[PDB]
Each structure stands twice: as structure tokens, then as C-alpha cells.
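The residues making up each chain are set out below.
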Amino acid sequence: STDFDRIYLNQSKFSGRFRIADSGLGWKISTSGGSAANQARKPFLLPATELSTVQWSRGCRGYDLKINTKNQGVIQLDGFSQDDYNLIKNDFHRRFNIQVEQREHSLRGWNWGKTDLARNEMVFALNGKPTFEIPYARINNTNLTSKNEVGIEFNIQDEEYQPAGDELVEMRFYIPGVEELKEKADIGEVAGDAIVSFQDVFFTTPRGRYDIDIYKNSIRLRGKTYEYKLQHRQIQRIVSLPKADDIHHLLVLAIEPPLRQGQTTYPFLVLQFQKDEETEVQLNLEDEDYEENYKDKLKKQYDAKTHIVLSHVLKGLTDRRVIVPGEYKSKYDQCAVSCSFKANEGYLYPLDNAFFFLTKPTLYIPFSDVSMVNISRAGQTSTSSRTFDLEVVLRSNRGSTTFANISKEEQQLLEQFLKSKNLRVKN
Amino acid sequence: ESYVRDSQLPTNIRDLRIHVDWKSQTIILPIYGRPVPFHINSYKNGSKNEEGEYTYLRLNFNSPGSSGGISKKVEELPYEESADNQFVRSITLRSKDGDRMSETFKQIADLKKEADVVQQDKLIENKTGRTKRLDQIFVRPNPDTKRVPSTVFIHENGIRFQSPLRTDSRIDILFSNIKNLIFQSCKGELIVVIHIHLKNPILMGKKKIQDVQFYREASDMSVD
């Protein structure tokens, strides 16, 4: 046998370890060391009875074994040099007796091909030249349209900045009008469930009027057009804000990663509610279990504002602090200031640690990330009517945003806020 | 074609950053740990989005619904070889984890752009007794931005515009390619002019031209 610690696997993952055996192949992920005392590893054994074919050659990336087996797993092995052909083949010629050809599955790179849905993978042959077979273990979600247009949404679990490497979101594809065929075998995996539901609630991103319900560890959004799933781990922050006129309330859910239809991005789920939406709700849970499920935060039956109820339930699920609207009063006792953006008028709301600009696109400007701000002004009689401009820079993203249409009183109140917060005002 | 054999490897064997090749007019991408090349002529466009800290790159190929406005139409690369066959339409990526992605995205932005004439029969020149020649004639469109004076001659199977008065370059026009010869005089006009309209446009000077004209000026305004 032989030992190497620089052998890679799952290229969107960090290196692993091998320890070759006569009986089989033993793969160990690189050990995780906590406090230099806790040593964590997951060993896997692939005995010789599972090997089916070997197509290792120099035409592909990362010159090293590319093994397919009958255990429904493909070991797309990486992390060996050019001189290991003789070594590995000398080791393998004892029993398996299989010649590794110079494939090089396909390199022509022309779009045309044929797709066949295999037992666990999707083989893509450009006239007998395979191009891709992704196993079904790595898929996350699948969406299909009326053109039999296929979009495969993935969700890779990042660990740290350095070892993440390359990592794919989407593999999309069109299929012509295949007769009496559809995408049968692709959808043969897990969405993974067992509290409360709502009816006829008004959402903005995507814009519409649908309903939302909560399972044990996620929420499902349903409508007559689409259905969406949102996991609690992806939810980051919950915000509640009023309108200028107080008549409407806004619930903004900051989530990461965004929920996409393949090609649209919805960073912040903005939900509009009315001031008269004061009703009672019922919790579909046992009178002894709901203590442990909600950590005693909420009662089984309670009547209050529906916005407050939904926000409190969301905070209870997330186990994080809430954001309260600021007590800083704008012009005419108002809580925000309106101005134009991307040819669209929207509001600015100050807060403890960030500015929130609504509503298309909902933009967060945290004060810590804020590098500096500047003011630009002209000299004219019309200056009193929504003229002054404020340009902020964020250094972390190198993002400069200019905020047009500010009047004298609004500029003065903003500047008063700005000195009181002790932010660097360039001039 | 992208490559043809194993001997020509990519620029680096361990391609842990998405690689863009320029010599072979193709680029490789790994779709989850195993390669594929695709072509610039097989590409349409790319786009970007940055959100919080996460980033989403979209790359769109040339395919039905993407290259062409209406499906089932007739296009050179995808449809002509096979009209009812599988192709790919667009993909996405998220490479927030390394500050090498904007560089390759701008290399995409210029690689998409980085990359044309029907050849007539050669016009036989013959200096016969019946020879047509007149001077101070100017051709339009001109070979270069400056204005070219020269002479014009008629032959038995085309029209020849001899440059040797200026630069000795040779431009040939095929009789069958000429569709309409028309004269227009100076009666109320500032020029006196011969237009030949062609069915098969020709490449000349710096560009591709269909309409060809030869005239003499009749200007009278002076600023002396």
C-alpha cells in the first residue's frame, strides 16, 4: 500500500486521504481537528466487487482516476501526478484486469448532443462521445416549464472562504417537443414535512397575492401560479417598519441565499400589511408540546395585530434579536424621506445600524460599512424644492450611490442625524 | 472545434479557477468537478449580480430561444447541422470565495467579441482599338477617406477602375454582377455622374460596398 495526504475529491471541497488495500479502496476525508483533541473523520470502503469501468486519461482535469461503480456512486478522483500511471496500474493489474483507455470522454465542445436519463446520472453523448454524468446525490431542486425547459437549482454547503473553490448554482437546458416523453427519472429524490397557515396575504417579491404556511423546520409559500420553499437556516434577519402615513406596515425578511426562479433575484422578502388587519390565530400544536416547540415564547391562542403576530413568530423561529423602528421624526412628523432611484421613487428609513432604502431594489447601507458621505448643491431659487443630493460610498463593495432630490429641511434633519451619529461627512 | 488531442492540455492542469482560453477560441468550465469546453460562436452573452456578499454570474449560450427570437427557425450553427436536437441554453455560477472572478468576467466581456465576401470572376483586361478613357473621374465609395482621382475604362465582360494615376491598385467589377447602369447629367445638378448598381456587392479598399459610382464635380462656389 501507500499513503498520500494531498489527494483531492469533490472539487467544491477540501482535500482527502487514501489508504489503498488489496480488498478495496478506503477513502478518508481530511480529518477535522477541534482543540487539537477532537479528531473527526468519515471513512468509506469501496470493495473490489463494485468496480465496473475505469476511464482515467490526461484529456480531463486533474489527471487521476475516474471510477464508476455499481454502488451508485462515482469517484471522480483527483490529486495525482503524471507518473502515477505505472504505479496505479501495477497495483490494479493483479485482480481487476481492466485496461484504461485514453478517453477523454468528449472535448469537441459543440452544443449538439443526446441526453439519456441513467439509473443515477444524466449521460450527455455528442454522437457517442459522453460529456457529462452528474450523480443524483448532488442535485437539490428541479423546475420545469411549458416548453419542457429544465432548470436544476443546487444548494452547496459552504464551509470557509479558502477551501470552497468552484461551485455551481444552476444547470439549465431546453428540450424540444419530445413526443410522449417528459423528465421522468430526474425527479426521483428528496423536498423534505409536518403548525400554522395564512390565507390571502399580499407579497411583493415576487409580486402577488398568495398564502404561506409553516412546517416543523421550514415555510412553504403556495399560490395559484408557483410554489416556493424557504428554510429557516437561510433566514438571516426580520425587520418591521411603518409607512409615512402609518396606514401600511412592511415586513422585510433578509435571507441568504436568495430564492430564484432560475434568473431573478429576491434578496429581501417585502410584505405589505394593513393597519386594520387585527385578527386572532390558532396554533396547531398540543398544549404541552408547544412549550418545547416555541421555547415558551408564544401562547397557544392569542389575539393581537397580525403583523405583530407574524413578526413575533418569525423571531421565535429564528432565535435572533428584532429591529425596532427608530424614534427619529422626519419632516411633518414623518418616519421616512422620499426620493427618486433608477427612475423610481422610494423611501429612506434610518435605523440604529443601517439605512434601509425601499422598495425597488430594497437596499441596506450599514453604518459600519459606510465609508463616507458627501453633499452636492446648486445655487438657484428652486433649491428649496427637492434639489440637494447626498452621495454615500461603501468601501467593502466599492459601491457609490447618489441620493437625489432632497430639500432644505430634509437635508438639515439628515445632517443633524449625521452629526448625532458621528459619521464622517466629507465636504 | 475546441481541441483535437490529449497533447494540447489547458494552460494549467489543476484548473481550480475558471479558465478562459484565447488561442483555441473556446473556454473550459467545470460543471461540478469535471471539464467541458464551449465556443465563442456557441456563446451569446454574460451577466453579473452581486447581493450582500454572495455573487451570481450568468452565462448564456447561442441556442433556440436565446440566439434566435423565434424557435424552429433557420440559423447557421445550431439548426443547419441538426434542427431537432438537444442543445444547452444558459448556466450560472457563484464564485464569491475568490477575488479572481471579475477578471475572468471582463475577459469574457472581450472574448465574446474577439473573432466575408463573395468572390467574382476576374475581369479580363484587353487594350483594344475601341478603348474608353476619361480623366478627372472620382469613384465613390472611395478606397480610403481621402478623395481618389483616376480614369475609367470599359471592357467586354466588366468594368475596370484603374488607380495607377494614384496608387496602382486594381479594382474589378463583373458585368453580370452589374444590375443597372444609369447616367445623370448636370441639368440642375452639382455633379455629372455614372452609377452602376450591383447585385453581388464587392469588397474593396477598406470595406464591403454594393453601390459604385464615378463622377466629376461642377462646383462654382469659391472662397479665394
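All residue numbers refer to a per-chain count from 1 along the written sequence rather than necessarily to the numbering of the entry. Residues that lack coordinates are not shown. To label them, take the chains in the order written and letter them from A, then take the ligands in the order written and number them from 1. Every figure reported here is calculated on the shown chains, themselves a piece of a larger assembly. Note: side-chain values were computed over all heavy atoms of the structure, leaving out hydrogens and water.

Looking at the method and resolution fields of the entry, one finds cryo-EM and 3.2 Å.

## Describing the overall build of chain B
The following threshold applies: The numbering of helices and of strands both runs from the N terminus, where a helix is a DSSP run of H or I of at least 4 residues and a strand a run of E of at least 2. For a compact globule the rule gives 2.2 Å times the number of residues to the power 0.38, and the radius of gyration it is set against comes from C-alpha atoms. Exposure categories follow from relative accessible area, calculated using a 1.4 Å probe and restricted to protein chains: below 20% of the type maximum is buried, above 50% is exposed, and the middle band is partly exposed. Only the protein chains shown count as covering a residue, and every accessible area follows the Shrake-Rupley method with a 1.4 Å probe.
Broken down by element type, chain B carries 2 helices and 13 strands. Since a compact globule built from 224 residues should have a radius of gyration of about 17 Å, the 27 Å found for chain B marks it as more spread out than a globular shape. Projected onto the principal axes, the alpha-carbon positions of chain B cover approximately 75 × 45 × 40 Å. Looking at chain B as a whole, 41% of its 224 residues qualify as buried. Taken as a whole, chain B presents about 13,200 Å² of accessible surface, with 54% of it coming from carbon and sulfur.

## Notes on the overall build of chain A
Looking only at helices and strands, one finds 4 helices and 31 strands in chain A. Its C-alpha atoms give chain A a radius of gyration of 29 Å, clearly above 22 Å, the size a compact globule of 427 residues would have. In terms of principal-axis extent, the alpha carbons of chain A reach across some 90 × 60 × 60 Å. The proportion of buried residues among the 427 residues of chain A is 44%.

## Some remarks on helix α2 (residues 101-111) of chain B
Because an α-helix packs 3.6 residues into every turn, residues spaced three or four apart end up facing the same way. Residues and elements named next belong to chain B. To keep things clear, this is the line we draw: To obtain the arc, one takes the directions from the helix axis to the C-beta atoms. In this analysis, two residues are considered to be in contact whenever any of their non-hydrogen atoms come within 4.5 Å of each other.
Three or more residues of α2 are buried, namely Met101, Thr104, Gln107, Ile108 and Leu111. Projected down its long axis, α2 shows its buried positions confined to an angular sector of 120 degrees, all on one face. Of the exposed residues in α2, those oriented more than 90 degrees away from the buried face are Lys106 and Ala109. Check the buried side of α2 and you find it contacts β1 (20-21), β2 (26-30), β4 (43-51) and β5 (54-61).

## Focus on the interface of chain B and chain A
Definition in use: Two parts placed together each lose some accessible area under a 1.4 Å probe, and adding up what both lose gives the buried area. By salt bridge we mean one thing: a side-chain nitrogen of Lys or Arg within 4 Å of a carboxyl oxygen of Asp or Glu. Polar contact is defined as a pair of N or O atoms within 3.5 Å, subject to the rule that within protein one atom must be able to donate a hydrogen and the other to accept it, and that residues adjacent in sequence are counted only when both atoms are side-chain atoms.
Counting from both sides, the interface comprises 54 residues of chain B and, opposite them, 59 residues of chain A. Interface area, chain B with chain A, both sides summed: about 5,600 Å², of which 51% is carbon and sulfur. When the buried surface of chain B facing chain A is broken down by residue, B:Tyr32, B:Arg34 and B:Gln86 rank first, second and third, together holding 17% of it. In this assembly, chain B and chain A are joined by 6 salt bridges. Residues B:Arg14 and A:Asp78 are paired through a salt bridge, measuring 2.6 Å at the closest nitrogen-oxygen approach. There are 24 residue pairs in polar contact connecting chain B and chain A. Those elements giving two or more residues to the side of chain B that touches chain A turn out to be β2, β3 (35-39), β4, β5, α1 (78-81) and β6 (90-93) of chain B.

## Let's talk about the sheet that holds strand β29 (residues 370-376) of chain A
Residues and elements named next belong to chain A. Short version of the rule: Any two strands are treated as partners once DSSP identifies two or more bridges connecting them. Only C-alpha atoms enter the line fits that serve as axes; for helices the fit covers just the stretch in contact. Angles between N-to-C directions range over 0 to 180 degrees.
Overall, antiparallel pairing links the 3 strands, which are arranged β29-β30-β31 in an open sheet. Of all the strands in the sheet, just β29 and β31 (399-406) have a single pairing partner and so form its edges. Each neighbouring strand pair of the sheet contributes to a mean axis angle of 15 degrees, computed without reference to strand direction. As paired elements, strand β30 (residues 388-394) and β31 share 6 bridges and run antiparallel to each other.

## Considering helix α4 (residues 408-421) of chain A
All names here are of chain A. Quick note on the threshold: For a helix, the expected span equals 1.5 Å multiplied by the number of residues minus one.
Taking 1.5 Å of rise per residue, the 14 residues of α4 would be expected to cover 20 Å, and the 20 Å separating its terminal C-alpha atoms lies within 8% of that figure. Buried within α4 are the following residues: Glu410, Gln411, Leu414, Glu415, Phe417 and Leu418. Projected down its long axis, α4 carries its buried residues within an arc of 160 degrees, all on one side. Opposite the buried face of α4, at more than 90 degrees from it, the exposed residues are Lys408, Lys419 and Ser420. Remark: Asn422 follows α4 within two positions and exhibits a positive phi of approximately 65 degrees.

## Examining the packing of aromatic side chains
As a reminder of what qualifies: Pairing of aromatic rings covers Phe, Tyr and the six-membered ring of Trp, with a centre-to-centre limit of 6.5 Å; geometry is then stacked below 30 degrees between planes, edge-to-face above 60, and tilted otherwise. A positively charged side chain is recorded as over a ring if its NZ (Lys) or CZ (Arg) lies within 6 Å of the ring centre. The angle to the ring normal must also be within 35 degrees.
Under the definition given, this model contains 19 aromatic pairs over all chains. Taking 3.8 Å as the distance between ring centres and 10 degrees as the angle between the ring planes, the aromatic pair formed by A:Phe268 and A:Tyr364 counts as stacked. A residue pair is termed long-range when its members are at least 10 positions apart, and A:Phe268 in strand β22 (residues 268-274) and A:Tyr364 in strand β28 (residues 363-366) qualify at 96 residues. A:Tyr364 gets classed as buried once you look at its relative accessible area, which sits at 16%. Connected via pairs of aromatic rings, a cluster forms that spans A:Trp56, A:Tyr63 and A:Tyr85. Sitting over the face of the ring of A:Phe4, A:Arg6 holds its NZ or CZ atom 6.0 Å from the ring centroid. Over the ring of B:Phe153 we find B:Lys127, and its NZ or CZ is 4.0 Å from the ring centre.

## Points about the pattern of salt bridges
What the rule picks out here adds up to 23 salt bridges over all chains. Note that A:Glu121 and A:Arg119 form a salt bridge whose closest N and O atoms lie 3.9 Å from each other. Assessed through its relative accessible area of 52%, A:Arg119 is described here as exposed. Taken together, the shared-partner salt bridges connect A:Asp158, A:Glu167 and B:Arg94 into one network.

## A look at a negative patch on the surface
To be explicit about the condition: Patches in this entry comprise residues that are over 30% relatively accessible and not in a salt bridge; like charges within 9 Å are linked, as are nonpolar side chains (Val, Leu, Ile, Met, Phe, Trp, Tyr) within 5 Å. Just so you know, the count uses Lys and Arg for positive and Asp and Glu for negative, and it drops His and the chain ends. We put the charge of a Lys on NZ, of an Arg on CZ, of an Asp on CG and of a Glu on CD.
Side chains of A:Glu286, A:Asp287, A:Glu288, A:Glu292 and A:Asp296 sit close together on the surface and give a patch of like negative charge. Looking at the element boundaries, A:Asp296 is found in the loop between α2 (289-294) and β24 (301-305).

## Notes on the environment of A:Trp56
Residue and element names in this part refer to chain A. Its location among the elements puts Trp56 in the loop between β7 (51-54) and β8 (67-69). The class for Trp56 is buried, based on a relative accessible area of 2%. Separated by 29 residues in the primary sequence, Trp56 and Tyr85 place their C-alpha atoms 9.2 Å from one another. Ignoring sequence-local partners within four residues, the contact set of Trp56 consists of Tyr63, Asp64, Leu65, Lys66, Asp84, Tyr85, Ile88, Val100, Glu101 and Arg103. At 3.5 Å, the side chain of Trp56 and the backbone oxygen of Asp64 are in polar contact.

## Concerning a nonpolar patch on the surface
Among the surface-exposed residues, B:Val117, B:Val118 and B:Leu203 lie close enough to one another that they form a single nonpolar patch of about 230 Å² accessible area. The residue B:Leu203 is located in strand β12 (residues 191-204) in this model.

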